[PDB]
Amino acid sequence: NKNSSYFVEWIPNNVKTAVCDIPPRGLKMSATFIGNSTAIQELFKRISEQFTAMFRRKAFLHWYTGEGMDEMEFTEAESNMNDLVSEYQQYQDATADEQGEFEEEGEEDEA
Amino acid sequence: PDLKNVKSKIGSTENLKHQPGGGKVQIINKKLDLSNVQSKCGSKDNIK
């Protein structure tokens, strides 16, 4: 209620709650947090740009191929993380605003 | 008593043309060829 601006509003409540009876040894009460803020795009966006800028001059690869790795597989993993990055970027700021199952019909004249 | 102007015996007669002169040296060397060169530590295809 204090903010919706940092919560995904098209998931009506983003929250899963639980309350166990027993605290950790030497403590009175506690909580564990596990979250997914779309901010996490930056992580992977770092990794897949840092990858691509070394790969664009083939640096270090000789050590990789030496264990018979395939040179095509770099291109594939970095492409897959660019799809994964794009996934957060498109679901960030995505619509709570509604759209209906209704098509264009030629039912009127011009006025 | 006239001796008839007696000549010497026997002198440096084999040296009368001698100096002697010097030979020549010119060293001077050829360039090696280093035109078989290319770098490997970059990219020529994956840059595209």
# chains A, B, ... in the order shown; residues from 1 in each chain; ligands from 1
>>> interface_residues(of="chain B", to="chain A", cutoff="7 Å", atoms="only C-alpha atoms", output="ChimeraX atom specification")
/B:42-43,46-47
>>> residues_around(residues="range 34-39 of chain A", least_positions_apart="6", cutoff="9 Å", atoms="only C-alpha atoms", output="PyMOL selection string")
chain A and resi 6-8+88-89+91-92
>>> closest_residue(among="A:48, A:13, A:30, A:41", to="residue 79 in chain A", atoms="only C-alpha atoms")
A:48
>>> atom_distance(atom1="CA of residue 2 in chain A", atom2="CA of residue 16 in chain A")
18.0 Å
>>> closest_residue(among="A:72, A:85, A:77, A:27", to="residue 40 in chain A", atoms="only C-alpha atoms")
A:85
>>> select_by_dssp(residues="chain A", states="helix (DSSP H, G or I)", output="MDAnalysis selection string")
chainID A and resid 38:55 61:65 72:91
